[PDB]
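Asker: take a look and give me a structure for this.
(2 chains)
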Amino acid sequence: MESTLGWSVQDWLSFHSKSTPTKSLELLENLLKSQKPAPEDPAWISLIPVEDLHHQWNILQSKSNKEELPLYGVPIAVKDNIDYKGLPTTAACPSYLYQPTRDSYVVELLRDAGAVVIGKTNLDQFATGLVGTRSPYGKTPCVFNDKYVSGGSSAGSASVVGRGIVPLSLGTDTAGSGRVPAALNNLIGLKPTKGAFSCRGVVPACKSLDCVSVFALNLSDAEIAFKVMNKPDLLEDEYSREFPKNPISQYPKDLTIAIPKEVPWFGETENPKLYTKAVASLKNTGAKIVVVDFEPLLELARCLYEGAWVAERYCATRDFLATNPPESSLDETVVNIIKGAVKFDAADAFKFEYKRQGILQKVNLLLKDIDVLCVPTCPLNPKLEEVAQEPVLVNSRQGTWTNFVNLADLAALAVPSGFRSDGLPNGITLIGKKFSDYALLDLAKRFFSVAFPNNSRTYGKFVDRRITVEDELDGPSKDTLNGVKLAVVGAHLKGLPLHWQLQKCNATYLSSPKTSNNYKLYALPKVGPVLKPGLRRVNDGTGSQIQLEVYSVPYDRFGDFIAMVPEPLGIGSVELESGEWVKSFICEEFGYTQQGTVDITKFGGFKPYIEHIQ
Amino acid sequence: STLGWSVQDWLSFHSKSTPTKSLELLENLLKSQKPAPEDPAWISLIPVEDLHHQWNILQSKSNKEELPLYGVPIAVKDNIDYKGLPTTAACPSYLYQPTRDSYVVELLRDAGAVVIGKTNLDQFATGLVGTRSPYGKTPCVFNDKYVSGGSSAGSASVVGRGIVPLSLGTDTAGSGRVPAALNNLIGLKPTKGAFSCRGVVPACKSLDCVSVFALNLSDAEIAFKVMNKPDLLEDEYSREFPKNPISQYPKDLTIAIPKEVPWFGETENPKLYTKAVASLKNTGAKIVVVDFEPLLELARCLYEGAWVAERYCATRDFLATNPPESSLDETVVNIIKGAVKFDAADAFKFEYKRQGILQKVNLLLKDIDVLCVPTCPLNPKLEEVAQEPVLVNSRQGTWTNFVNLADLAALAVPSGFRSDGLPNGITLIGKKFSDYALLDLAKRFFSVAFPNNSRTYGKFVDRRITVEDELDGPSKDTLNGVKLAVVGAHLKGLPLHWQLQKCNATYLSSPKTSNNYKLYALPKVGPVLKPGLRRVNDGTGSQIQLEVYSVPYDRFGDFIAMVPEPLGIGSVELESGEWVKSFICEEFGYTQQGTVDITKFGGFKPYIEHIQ
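Answerer: Numbering: from 1, shown residues only, chains lettered A, B, ... in the order given. Structure data below:
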């Protein structure tokens, strides 16, 4: 039949719509057959049985609104860290193996959205490392060159996406594990705001810091996965937290992007070139780039490394370690790290927690006037043998830019910046404050269109395919709004010189209806260099339908918007064509009752009129 | 003579008197005080020359009568640094000499106050009893067979006897609350992070609060305003209060009381609680009966769990010097030494459990403005504590020990006397930053529970509060909002005024428009009559009375959602020429049949009165 390697989610959905339930089952059965487990393919700890593929697919057929399921019959991989009930969970530790009787909340959500889990994916043992070599199941290679490391700890999940077996996969990230493998494999790596994705059914390893993360080939698919898994789960995950309403969806073109004053490369010469060029490209989107001392952030990173956070991994594994399981089941570097936790008492954990809170005061003072950090994802592209030689120091260095994100309650999106001379990829990570995940996506989109002009952007190993349409975003869905419905008629319309005031207050365009038959529109005597209309509700009988744009203005922001609204205008209510009332600009009678006032109703809107002039 | 004076009493003496007489008054006060053990309440008193030094510094300040604590004597817990006295934490061998004031003492000093002494406490602030000190066991201000309570023992006694009208305590698990109940005081336990902890000895650093004992609400408030200041770089748990702090709960607010109230045998204190609840009901407040189990789960955590290690963290380099056994209190040191039981791994295990409980607590409190709780179950005897050095202490903790873990604010307030003559009280608990609304809720509770100006204070069973529980609310520098003129149903006393309170609006003034304005009564549809303002291009316009309010930027959206056709918010020009947001009205509004031109009345209230 037909090749499936490197399909977007959209590619998969298109197939399903135009195919029959049996010929789409076959395509997945066929994808499943081409995969190999165990040591043959180090990327897979385990793969589903054909019976299980049938089961998932039957369940899928029972649901009665497919073609509204944004991941209908789309295959996905899951880090062997995260429970799927159809397969065992291992944490890349053969004797730790266990059978979950229930799905991760995250997996359960993706299944509800129509996806099919194909296998569990290999990782550094107990999700401990940035290298991907620390698994008794095998070392996963870089999708581009088998001499190189895939990155970890989410190594299987990057590999599998990088070569387009599957268009989305799940990883986890405490201090880099969803970001480093994206850079080494030409992927999108989304590390969401903490507590946004539930960690119910993931094996705890630094519970207080840990996030479920996603890999994708493109912005579009990372967005669909985010919308699917961003769901509260307060009573079953102690660190879950609900996204607030009115999430920002775009940074201003003007945004302050901070970069570090000192960028250590540890001898590496190719990667600096990609970073320099990437910063040039951000400047060209119109961003303000500001160079900033990252001292406090690095103090925070050191606090991670010096502190007792290792006691979190130890807490999740000590009962198990005391079981004394066969040495061959264990990675020794991992186990030595985890046992570093024994030398810390409760008093110690607190002492470091104090120091962490103190650093954060400094970190919060620093970020107050910055919108985003742009950081190299990792300094190196490690060779398999380089990390065999120095099995700890390579790891430390690969966390140069990753270690402080979760401690500081930030979000992050690792995104390609191009290729070095030797044809390996790397890239940048963009770090935003709590709940900016949607705006980071969009910022990547804007970065891409400059760094990869003329649709020249590659993805995964697919060095000779180009992104056309797949990096486009819907933005946050209307579900998430909670604001006043506001109708504008004048200088706040798209394209006129007060539109920005709506953007400043994080307004969202809803629609463009007309008033009912009840309205006149005036042009007022110009005084500023801006001309200003006023609406008049009338009932002699002689009104027209005036044209409007309607915006949702977040409740907490409406104060900021109305404060910019000078006499004689005001905010009242207006009647739309359909009979709904909606807040709107109005005008004191004194306003349109001056010498200089011009009856503009004729034009049916304010645009038409500001063109019959200029 | 000076005993039982309030802050205002001190201020009014000073402002009528010479610096010299003012000094003598303070001197006589200092003279008449004794340190421990003659008086267990005081660990040390300032030497007379320190008094003069402090006085001379005060004389240097150029604006004196702006200073809200000018020449006002205060006590400080021997937990907190004042540079002219040593710090001890009630451990003689722990004694050190600070270089500088704690930030909190420095703020109060800048506000005028004179530190008179360092006050006695349970050693290393561990306990709610007051008795675990080698400098002595501070007695209840009512009866020296009874415990004063702790750990802010001396602070409570000194204010109970009215030597000083304010004292600093600290509070991690009740230490600013229990002693207030047992001595007929107000105990304020501010929102975490509001009062800096720079220069206080840590004992449970991540939960610690500096706190305040007063005799009346006014003083608690004054003190609160002086010390509620950020100190972000010198105190890792400092946090800035946001703008527009609420000043008052609605008449309506929901107050939760526990479904299960254990008393441990006590027969007297339940009657005062019952009575207090009935007083709250009578203020207009809706009482709901609520399952406190997850809050008591939380509070256990503090005891069974790893927070005990914060104390050990604070205290262990010292303890490894094996100081003399007789400077140590055995109960306390053993409680602290129990921290060796816990791994870092254990500390995280407990932290997860805490975060799990807080998910349940935060959900349970979305519905609720305030928790009302018995301050402590018991009025323990010294003897009872001697027999049960651990048991009584923990029963005294049954209501106190979840507050900081859960990041809440508290105010312990009197509720009357048992038949006994011993006092007790209620602690009102609110969410973060509610400190001003908590004080106002106490005012309201007082006016029902102690009608006709009958409230007692401290040992002063024969005096009555008069004006000293009144409040200024947050000061104007706290607000950040849009100035808004109302002309209509949102005026004070009028039917829509609740909508300003709902949006946390603050009254600023009652100015008039310029003479540019007409006012119409709109046709009456609802059972609410509403006016419409109209500006004219003259000459006919007249001046309309307004009320102007600060509406938080935050809340303005909430406010406008309540404003229907044909009204709107635009701007109006005051008599002063200042423009300001206000209600305006569509043309159509005042052009309907039945609109009455009402200008002649000068405003809306006089018109409503010409109808009734």
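
Asker: name the residue of the stretch 151-300 of chain A that lies nearest to chain B.
Answerer: The nearest approach of the stretch 151-300 of chain A to chain B comes at residue A:238, 4.1 Å away (C-beta to the nearest C-beta). Backbone N, C-alpha and C define where each C-beta goes, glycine included.

Asker: hmm, residue B:360 and that residue touching each other?
Answerer: No - judged on C-beta atoms under 8 Å, residue A:238 makes no contact with residue B:360 at a distance of 10.1 Å.

Asker: now for the residue of the stretch 151-300 of chain A closest to chain B, how many residues are close by?
Answerer: 21 (other C-beta atoms under 10 Å in any protein chain shown).

Asker: same check, this time on the one 5 residues further on
Answerer: Here the neighbour count serves as a burial measure; for residue A:243 (other C-beta under 10 Å) it reads 18.

Asker: please apply the same query to the one 4 residues further on.
Answerer: Neighbour count of residue A:247, defined by other C-beta under 10 Å: 19.

Asker: run through the residues that contact it.
Answerer: Applying C-beta atoms under 8 Å, 6 or more residues apart in numbering or on different chains to residue A:247 gives the contacts A:435, A:437-439, A:476, A:480.

Asker: out of those, which two sit at the greatest distance?
Answerer: By the measure C-beta to C-beta, A:439 and A:480 form the most distant pair in those, at 13.0 Å.

Asker: residue A:522 should be in a strand, yeah?
Answerer: Yes - assessed with DSSP: H, G, I helix; E, B strand; the rest coil, residue A:522 lies in a strand.

Asker: which bits of the stretch 151-300 of chain A sit near chain B?
Answerer: Taking C-beta under 8 Å from any C-beta of the partner chain as the contact definition, the stretch 151-300 of chain A meets chain B at A:207-208, A:234-235, A:238-240.

Asker: let's have those residues in CSV, adding secondary structure.
Answerer: Below are those laid out as CSV (three-state DSSP):
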residue, secondary structure
A:207, coil
A:208, coil
A:234, coil
A:235, coil
A:238, coil
A:239, coil
A:240, coil
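
Asker: comparing residue A:439 and residue A:480, which shows the higher neighbour count?
Answerer: Counted by other C-beta under 10 Å, residue A:439 and residue A:480 do not tie: residue A:439 has more neighbours, with 25 against 18.

Asker: hey, C-alpha coordinates of stretch A:538-551 in CSV?
Answerer: Once non-C-alpha atoms are left out, stretch A:538-551 reads as follows in CSV (Å, rounded to 0.1, in the frame of the first residue of the first chain):
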residue,chain,number,x,y,z
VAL,A,538,-32.7,57.0,17.4
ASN,A,539,-36.4,56.5,17.3
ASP,A,540,-38.3,58.8,15.1
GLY,A,541,-37.9,55.8,12.8
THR,A,542,-35.1,57.0,10.5
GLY,A,543,-32.1,54.9,11.5
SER,A,544,-29.8,52.6,9.5
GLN,A,545,-27.9,49.5,10.3
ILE,A,546,-24.4,50.6,11.3
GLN,A,547,-21.4,48.3,10.9
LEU,A,548,-19.5,47.0,13.9
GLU,A,549,-16.7,44.8,15.1
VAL,A,550,-17.3,42.8,18.3
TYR,A,551,-14.5,41.8,20.7
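
Asker: so how far is it off the chain centroid?
Answerer: Put simply, stretch A:538-551 sits 42 Å off its chain's centre (C-alpha atoms, centre = their mean, to the nearest Å).

Asker: neighbouring contacts of that stretch?
Answerer: A:485-489, A:492-494, A:502, A:507-521, A:535, A:537, A:574, A:576-577, A:582, A:584, A:601, A:604-607, B:587-588, B:591.

Asker: now swap in stretch A:226-236 and tell me
Answerer: Contacts of stretch A:226-236 (C-beta under 8 Å, 6+ apart): A:70-71, A:105-106, A:109-110, A:113, A:190, A:192, A:196-198, A:200, A:212, A:214, A:240-243, A:437-438, A:441, A:477, B:359-360, B:363.

Asker: just the buried ones from those residues?
Answerer: A:70-71, A:105-106, A:109-110, A:113, A:190, A:192, A:196-198, A:200, A:212, A:214, A:240-241, A:243, A:437-438, A:441, B:359-360 (16 or more other C-beta atoms under 10 Å in any protein chain shown).

Asker: so which of those belong to helices?
Answerer: A:105-106, A:109-110, A:437-438, A:441, B:359-360 (DSSP state H).

Asker: what's the most distant pair in the residues you listed?
Answerer: The most widely separated members of those, counting by C-beta to C-beta, are A:441 and B:360 (33.4 Å).

Asker: surely residue A:290 is in contact with residue A:261?
Answerer: No - using C-beta under 8 Å, residue A:290 is not in contact with residue A:261, being 10.3 Å away.

Asker: hang on, the earlier thing: contacts only, for the residue of the stretch 151-300 of chain A closest to chain B.
Answerer: Residue A:238 sits next to A:207, B:352-353, B:355-356, B:359 when contact means C-beta under 8 Å, 6+ apart.

Asker: at 6 Å what do you get?
Answerer: Residue A:238 makes contact with B:352, B:355-356, according to C-beta atoms under 6 Å, 6 or more residues apart in numbering or on different chains.

Asker: show me which residues of the stretch 401-550 of chain A sit near chain B.
Answerer: Within the stretch 401-550 of chain A, the positions adjacent to chain B are A:484, A:536-537 by C-beta under 6 Å from any C-beta of the partner chain.

Asker: and those, which is closest to chain B?
Answerer: residue A:537 (4.3 Å).
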